[PDB]
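Working notes, structure below.
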Amino acid sequence: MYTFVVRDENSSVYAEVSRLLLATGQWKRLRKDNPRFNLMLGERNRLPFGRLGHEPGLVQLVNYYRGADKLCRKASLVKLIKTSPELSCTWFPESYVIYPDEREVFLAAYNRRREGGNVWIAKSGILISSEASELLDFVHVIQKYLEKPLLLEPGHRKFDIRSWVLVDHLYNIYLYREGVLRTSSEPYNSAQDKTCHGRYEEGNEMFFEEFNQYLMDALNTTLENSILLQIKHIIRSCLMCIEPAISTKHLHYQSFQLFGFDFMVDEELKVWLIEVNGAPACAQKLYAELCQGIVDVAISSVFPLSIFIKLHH
Amino acid sequence: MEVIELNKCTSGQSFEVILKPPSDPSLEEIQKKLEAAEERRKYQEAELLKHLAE
Amino acid sequence: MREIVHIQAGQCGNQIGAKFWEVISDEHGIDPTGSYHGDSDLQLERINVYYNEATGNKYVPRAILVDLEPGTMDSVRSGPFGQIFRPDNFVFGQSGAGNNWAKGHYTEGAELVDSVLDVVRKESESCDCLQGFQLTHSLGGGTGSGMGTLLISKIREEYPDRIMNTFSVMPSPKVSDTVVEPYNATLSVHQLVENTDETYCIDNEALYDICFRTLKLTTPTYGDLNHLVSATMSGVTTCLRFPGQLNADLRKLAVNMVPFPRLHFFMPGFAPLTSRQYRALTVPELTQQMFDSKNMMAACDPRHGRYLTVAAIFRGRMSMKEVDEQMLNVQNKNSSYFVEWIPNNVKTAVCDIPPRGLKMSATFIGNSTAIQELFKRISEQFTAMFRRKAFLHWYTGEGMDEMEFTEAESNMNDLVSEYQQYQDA
Amino acid sequence: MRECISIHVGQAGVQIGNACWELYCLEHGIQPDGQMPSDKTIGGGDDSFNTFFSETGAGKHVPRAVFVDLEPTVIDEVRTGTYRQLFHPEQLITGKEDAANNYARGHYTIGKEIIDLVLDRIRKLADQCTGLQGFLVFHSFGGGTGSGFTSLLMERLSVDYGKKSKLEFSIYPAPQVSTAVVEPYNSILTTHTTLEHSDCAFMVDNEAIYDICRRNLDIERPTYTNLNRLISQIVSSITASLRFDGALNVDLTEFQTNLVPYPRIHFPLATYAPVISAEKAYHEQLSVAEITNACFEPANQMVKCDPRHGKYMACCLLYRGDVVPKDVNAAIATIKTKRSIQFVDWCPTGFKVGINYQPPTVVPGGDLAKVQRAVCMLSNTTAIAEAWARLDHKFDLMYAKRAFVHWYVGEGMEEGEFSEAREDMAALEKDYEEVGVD
Ligand SMILES: CC/C=C\[C@H](C)[C@H](OC(N)=O)[C@@H](C)[C@H](O)[C@@H](C)C/C(C)=C\[C@H](C)[C@@H](O)[C@@H](C)/C=C\[C@@H](O)C[C@@H]1OC(=O)CC[C@H]1C
Ligand SMILES: Nc1nc2c(ncn2[C@@H]2O[C@H](COP(=O)(O)OP(=O)(O)OP(=O)(O)O)[C@@H](O)[C@H]2O)c(=O)[nH]1
Ligand SMILES: Nc1ncnc2c1ncn2[C@@H]1O[C@H](COP(=O)(O)OP(=O)(O)CP(=O)(O)O)[C@@H](O)[C@H]1O
Ligand SMILES: Nc1nc2c(ncn2[C@@H]2O[C@H](COP(=O)(O)OP(=O)(O)O)[C@@H](O)[C@H]2O)c(=O)[nH]1
Ligand SMILES: [Mg+2]
Ligand SMILES: [Mg+2]
Ligand SMILES: [Mg+2]
């Protein structure tokens with residue numbers, strides 16, 4: 001009999017995962033603070049990694065990588081990419097860390113665009129301004145705004161791509177074969193109105209099945225070639241960079257973690273990384289399949305009782 | 001990398017490698033605590049014997 | 001040396017005591033005449049805990065036999081190991097206690113108690129470093145119950161900084177001698193709550209069910225029940241009688257087992273419990289049944305409560321790694337029944353020497369809140385009679401007043417409530 | 001030459017002390033009878049090994065040690081063991097009944113009655129020193145004597161020897177091998193009371209030692225003997241600089257100067273490699289780079305924690321055997337690129353290195369194979385605060401219900417001392433947070 005604990009009642013994914021664990025008969029849910037557990041579904045913040053792996057005779061596994069925050073915090077991701085020789089970088093928009101610090105390095109690269117597209121976005125409440133004035137007056141990161149996004153037709157509308165990535169205790173990198181495009185059902189206005197920056201598709205989200213069909217009909221290419229190669233590359237690059245810092249290969253406890261990678265595609269079919277979510281939700285139609293894959297690949301692999309693409313390294 | 005302060009002898013050697021620069025209770029007080037605890041033990045014991053005498 | 005002074009009082013106390021010494025004497029290689037004849041030096045290393053060494057390398061149990069009538073102690077003196085006891089350590093009267101707590105505690109017992117204390121003093125003053133005392137007795141009779149608890153109060157008065165340990169046989173109507181047993185047991189339990197550091201609760205009902213249901217003994221006798229107890233007593237004291245690290249003396253055992261001063265009543269268990277057989281027993285089998293209710297001798301279902309602390313002692317050549325595997329296993333498979341606010345509250349010890357005739361055995365000592373069921377049973381039987389003042393005249397005739405019964409009833413119900421508090425925590 | 005006096009308190013401290021002095025004699029060529037053919041300074045001399053051994057006119061090299069335990073059985077091993085001739089009765093101090101795993105009993109009840117005698121014995125050793133530099137105190141956290149009496153002794157040593165340094169070797173409790181459930185209480189109580197009196201404390205978690213013995217030595221159920229032989233190797237590599245010619249960590253003060261910039265944060269993490277089973281006939285002799293890289297594997301640490309998620313304040317590399325500075329530097333440059341080694345901003349990102357050419361000595365018939373090179377890394381990292389957090393959590397679980405507290409109050413301790421000690425620990429955890437978190 002295997003035991004697990006739930007320490008984030010507010011999680012959609014792992015509420016379904018615990019449901020599957022119980023629906024197998026070989027898993028027993030314990031109290032929140034029972035230390036004699038095999039698997040912890042931990043809290044998002046202040047997870048006590050220091051108390052894991054000290055129960056005699058218990059192999060313990062947690063659903064979060066200690067240190068993964070450096071990838072999933074906007075400020076620390078900008079710093080990670082700039083300060084990491086592995087990344088230094090063509091797929092990440094020009095960004096700067098500025099506290100209310102790279103305040104000066106930003107202005108240097110800014111005016112040399114005003115004197116010579118010079119729209120930026122400030123986020124961490126978002127602000128998209130063409131002039132640095134209201135951007136600086138508004139820890140935050142200032143990022144170059146993709147002024148040439150790939151627009152879906154009909155609608156002439158913007159979108160982003162969510163890719164779910166599961167990394168197991170062996171630091172294998174798995175990409176869920178099902179992604180989601182989250183479209184803005186308003187025509188992309190080019191000239192402060194933050195709504196285009198279920199008319200066409202249900203729930204304003206388009207799956208790979210349809211998006212790949214559009215790319216073939218509209219652009220005579222495929223999702224795999226024009227976009228998926230770049231997404232797989234970006235995922236590997238990001239996760240391999242921090243592997244020495246967060247791996248639990250020879251650690252007294254083991255971690256896995258599900259990530260939400262957010263990408264954007266410009267009109268040249270170039271993919272840009274937007275951010276990495278450390279506690280992502282899932283698409284309603286994809287909850288059952290993804291949550292079962294988590295149990296199969298991340299949990300049952302450690303505690304014995306493909307929908308993933310394995311990014312090799 | 002920089003190796004400094006290399007001391008050598010027949011038993012071995014030592015040195016320092018730098019990769020980056022930077023950026024009480026008195027005796028009387030203790031006796032009081034010990035005797036206060038002894039007093040509390042003696043008080044608890046005396047209560048017990050008073051309880052047993054009843 | 002860390003000497004323990006043993007006292008057995010009343011019929012039940014002396015009969016179980018007689019068997020206990022028979023059993024451990026054999027384990028330590030002592031014949032009925034007090035001469036050592038063992039093959040292993042492990043038998044003599046801590047033999048001073050229970051035996052004095054007399055002239056000629058003779059070993060005399062540091063045991064004191066007490067009773068208000070001579071019958072049982074005459075049987076002991078004519079028993080198998082009867083001649084091994086010190087003749088001066090037989091202290092007995094003639095009147096008897098009539099299954100009357102008041103007689104043992106206030107009248108008949110009072111006449112005799114000073115002479116027992118003289119013997120206790122003689123054994124104690126001869127100890128290089130006395131740990132404390134262990135008393136064997138029943139709570140349902142008069143001598144063991146009434147005079148036994150009187151002795152405990154007297155001993156604590158003269159030795160207030162010593163550990164007081166008892167093996168107490170709890171009455172049950174299924175195996176009953178007199179209807180007044182709930183009265184005597186209720187009066188004794190209050191005494192034990194106040195004046196003992198550890199009390200092993202032995203329920204005759206559980207002992208009977210074990211002999212009948214598990215061991216397939218059609219009609220169990222007191223002799224059968226008493227061998228279970230002596231076997232159990234041998235296991236729980238193995239840590240004290242042989243080299244080891246866990247619960248090696250009375251005080252350390254109490255510090256590890258008693259988180260709250262009044263909740264010091266333990267449920268013991270023994271394995272193997274098998275019917276007539278030569279099959280080599282495995283560690284999972286020892287562990288499985290030792291933790292099964294049917295192998296526990298308090299007639300309380302631990303799944304009805306929660307364990308505060310648990311000590312498990314394994315005996316015989318075995319793989320201690322497999323011991324840990326099974327021990328750590330049963331906690332995870334019974335997680336609901338261990339309190340989470342006492343970390344690592346299940347301790348395990350392993351002793352090389354197994355009891356005679358057994359390749360391996362396991363003894364269990366649990367401090368479970370389920371023991372409240374045992375006190376609740378006693379309380380209900382007490383109140384069933386007290387609300388009609390039934391049989392009270394036997395006690396008021398010895399000078400007791402009804403208020404002392406009411407007070408004993410209140411103290412009992414308070415003890416139950418205290419257990420309920422921690423079963424919900 | 002400045003003498004060092006070792007004090008061993010309780011079962012853990014005594015049995016580990018006996019293991020260390022056996023290893024010392026083997027390292028210095030001192031026979032069980034105290035004779036040392038190497039010492040031409042018959043009856044005297046102030047060589048490096050004399051910091052730990054005095055000398056009698058008959059040529060016996062006597063440890064500068066005192067053994068204290070409130071129960072006789074463990075110290076009788078000393079006066080009856082292989083190296084019994086080494087010690088004289090004045091060095092062995094024994095009581096009759098122990099602290100029963102009760103800090104209050106070791107500190108107040110029994111400690112009050114034996115402290116002067118212990119001090120008298122220590123004074124006798126100190127009177128024999130031309131320039132005593134301090135004390136090395138071995139003890140457990142969990143034992144009633146190791147916790148309770150040690151903290152009292154440390155308080156008195158600060159009174160009677162104000163200028164002297166005090167270092168600790170402390171056994172952090174592990175349920176895998178411990179029998180008492182109250183050990184979290186004793187650990188916090190003794191840490192609170194000893195904190196301002198210790199200049200540098202090396203914690204050893206029995207869990208780490210136990211696992212290293214199972215994994216690297218292939219011992220299915222390690223015993224105290226297995227654990228102590230390994231612990232004594234770690235202690236030896238740490239004290240080698242006091243006992244052999246050298247220039248790093250040559251006296252007790254240099255331990256605090258090199259490892260403890262913040263006085264309260266005085267618990268360096270120890271990591272040791274290689275640990276190799278003597279049953280393995282041939283093992284590939286690891287290189288300087290390999291054993292140095294092993295110093296950054298949690299599996300080789302005396303306390304299991306993750307230094308990647310803390311910050312370093314100081315780092316010391318102690319090598320024994322065939323090691324040359326060239327290879328150490330090559331190894332360091334390599335690891336700095338492939339490891340997460342974040343120093344605090346107000347400390348230099350560097351390593352103090354010491355090499356002693358004598359390879360580690362092993363006890364004949366032990367479980368540890370003789371290697372040609374070994375290393376012990378002493379790093380003051382905030383990651384070791386994980387050990388405090390774990391311990392404090394177990395404290396909180398029991399103390400919220402006041403479980404077992406009556407045993408302590410019964411010996412004359414006030415309940416207030418529990419909360420006082422716990423608050424001191426919460427502040428200690430805050431200091432680590434304040435130092436190691438961006
Ligand atoms: C009744 C079946 C007999 C033996 C079975 C097979 C097991 O024996 C073996 N070898 O496994 C027993 C351990 C059994 O489980 C227990 C219940 C025995 C028990 C304590 C009490 C019984 C109730 C009594 O009637 C008792 C007078 C009967 C027999 C005892 O003489 C047995 C001896 O008791 C020991 O204490 C150690 C050596 C064992 C020789
Ligand atoms: N590594 C190691 N740990 C030990 C040894 N002996 C005891 N321990 C640990 O120390 C703790 C128990 O405390 P002890 O040192 O035995 O007790 P003590 O200091 O003698 O104090 P009292 O016996 O209570 O008077 C437990 O965590 C044991 O695991 C030993 O020889 N080596
Ligand atoms: N540099 C950039 N250029 C153009 N559009 C951008 C951009 N950065 C962000 N966006 C747009 O802003 C939206 C939200 O940005 P961001 O992801 O940082 O906010 P968020 O974290 O609250 C949503 P999520 O958690 O799902 O990633 C994205 O869907 C993207 O379309
Ligand atoms: N297990 C066991 N119980 C006994 C024995 N003798 C008596 N009892 C129980 O003890 C109670 C009677 O007490 P008893 O010891 O005979 O009275 P006492 O001699 O005055 O102390 C009843 O509950 C009996 O069931 C015995 O030999 N073994
Ligand atoms: Mg986000
Ligand atoms: Mg009778
Ligand atoms: Mg001890």
Side-chain angles (χ1 to χ4, degrees), chain B residues 9-11, chain D residues 1-9 13-14 16-69 72 75-94 116-138 153 157 160-161 163-167 232 235-236 239-246 250-252 356 358 361 363-364:
Chain B
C9 67
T10 60
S11 300
Chain D
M1 188 279 294
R2 305 195 73 202
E3 300 82 356
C4 289
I5 292 180
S6 300
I7 305 174
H8 314 280
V9 182
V14 166
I16 290 173
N18 217 34
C20 290
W21 287 102
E22 179 188 31
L23 184 53
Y24 293 165
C25 296
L26 295 177
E27 297 184 353
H28 296 299
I30 297 172
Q31 297 162 359
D33 71 322
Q35 298 292 309
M36 190 189 182
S38 312
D39 188 5
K40 315 306 178 179
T41 85
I42 293 189
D46 51 4
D47 307 328
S48 289
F49 68 90
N50 282 118
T51 65
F52 280 49
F53 294 83
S54 63
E55 309 186 23
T56 71
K60 181 193 287 191
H61 297 66
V62 184
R64 303 183 195 271
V66 175
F67 298 80
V68 189
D69 196 8
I75 274 187
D76 288 334
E77 289 180 321
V78 185
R79 42 169 72 103
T80 201
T82 306
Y83 296 85
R84 56 194 186 273
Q85 275 176 84
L86 242 51
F87 314 92
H88 46 284
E90 285 74 5
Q91 307 180 258
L92 312 180
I93 301 168
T94 206
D116 301 302
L117 174 56
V118 174
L119 291 178
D120 178 275
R121 296 304 141 99
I122 299 175
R123 182 64 60 186
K124 266 137 167 64
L125 293 183
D127 290 350
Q128 220 175 338
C129 303
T130 62
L132 177 61
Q133 49 175 308
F135 306 93
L136 312 175
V137 190
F138 301 73
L153 176 60
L157 289 183
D160 296 8
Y161 304 85
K163 313 300 176 57
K164 274 65 184 180
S165 302
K166 305 194 224 65
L167 278 55
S232 64
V235 174
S236 173
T239 68
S241 57
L242 303 160
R243 302 179 283 110
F244 294 91
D245 195 359
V250 75
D251 69 65
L252 296 184
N356 189 281
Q358 189 195 88
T361 299
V363 180

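Quick note on labels: first sequence line is chain A, next is B, and so on, each numbered from 1. All values below were derived from every heavy atom in this structure, side-chain atoms included, with hydrogens, water molecules and symmetry-related copies excluded.
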task = Report the C-alpha separation of D/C4 and D/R243 in whole Å, then their side-chain angles, then the decisive distance to 0.1 Å, and conclude whether the side-chain contact (heavy atoms from CB on, under 4.5 Å) test is met.
result = CA-CA 10 Å; D/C4 289; D/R243 302 179 283 110; over 6 Å; no

message = To check you understand the geometry: which heavy-atom pair defines the closest contact between D/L23 and D/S236, and what is its length?
response = CD2-CB, 3.7 Å

query = For D/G44 and D/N50, which heavy atoms make the closest approach, and how far apart are they?
reply = O-OD1, 4.4 Å

query = Is D/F53 close to D/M36 at the side-chain level, that is, under 4.5 Å between some pair of heavy atoms?
reply = no

message = Donor-acceptor pair, distance only, cut-off 3.5 Å: does the side chain of D/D127 make one with the backbone of D/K124?
response = no

message = Within the structure provided, determine whether D/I30 and D/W21 are in side-chain contact (heavy-atom separation under 4.5 Å).
response = no

query = Just one of D/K166, D/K164, D/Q133 clears the side-chain contact (heavy atoms from CB on, under 4.5 Å) bar with D/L252, so which one?
reply = D/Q133

ask   = In Å and rounded to the nearest 0.5 Å, what is the CG to CD distance from D/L92 to D/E77?
value = 12.0 Å

key: Near-ring test D/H61/D/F49, centroid separation under 6.0 angstrom   = yes

task = Measure the OG1-CZ distance between B/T10 and D/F244 for me, rounded to the nearest 0.5 Å.
result = 11.5 Å

key: Atom pair CZ (D/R79) and CZ (D/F67), whose distance is rounded to the nearest 0.5 Å   = 11.0 Å

task = Answer yes or no: is there a donor N or O on one side and an acceptor on the other, between the side chain of D/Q128 and the main chain of D/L125, under 3.5 Å?
result = no

4.5 Å side-chain heavy-atom contact, D/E22 and D/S232 = no

request  = Mind running salt bridge (charged side-chain N to carboxylate O under 4.0 Å, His left out) on D/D120 and D/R123 for me, showing each step along the way?
outcome  = CA-CA 5 Å; D/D120 178 275; D/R123 182 64 60 186; over 6 Å; no

ask   = If we only count heavy atoms from C-beta on, is the D/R64 to D/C129 side-chain gap below 4.5 Å?
value = yes

query = Shortest non-hydrogen contact from D/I93 to D/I75?
reply = O-CD1, 3.2 Å

ask   = Tell me, do D/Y83 and D/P63 make a side-chain contact under 4.5 Å, heavy atoms counted?
value = no

key: Nearest-0.5 Å distance that lies between atom CD in D/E3 and atom CZ in D/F135   = 11.0 Å

inquiry  = Other residues, nucleotides and ligands only: do more than 12 of their heavy atoms fall within 6.0 Å of CG on D/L117?
reply    = yes

remark   = So CD1 of D/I42 and OG1 of D/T56: to nearest 0.5 Å the spacing works out to 10.5 Å

ask   = Any side-chain heavy atom of D/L153 within less than 4.5 Å of one from D/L119?
value = yes

key: Heavy-atom check, side chain of D/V235 versus side chain of D/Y24, under 4.5 Å   = yes

remark   = Rounded to the nearest 0.5 angstrom, the CD-CG distance for D/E55 and D/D47 is 7.0 Å

task = Report the C-alpha distance between D/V9 and D/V118 in whole Å, list the side-chain angles of each, state the deciding distance to 0.1 Å, and finish with yes or no for side-chain contact (heavy atoms from CB on, under 4.5 Å).
result = CA-CA 10 Å; D/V9 182; D/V118 174; over 6 Å; no

task = Tell me, with the steps shown, if D/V62 and D/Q91 meet side-chain contact (heavy atoms from CB on, under 4.5 Å).
result = CA-CA 10 Å; D/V62 184; D/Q91 307 180 258; 3.5 Å; yes

task = Go through the structure and list residues passing side chain to side chain contact (heavy atoms under 4.5 Å, CB included) with B/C9, not counting sequence neighbours.
result = B/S11, D/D245

inquiry  = Restricting to non-hydrogen atoms, name the atom on D/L132 and the atom on D/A126 that form the minimum distance, rounded to 0.1 Å.
reply    = CD2-CB, 4.0 Å

task = Answer yes or no: is there a side-chain heavy-atom contact under 4.5 Å between D/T51 and D/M1?
result = yes

request  = Please answer whether the main-chain N or O of D/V66 pairs with a side-chain N or O of D/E90 as donor and acceptor at a distance below 3.5 Å.
outcome  = no

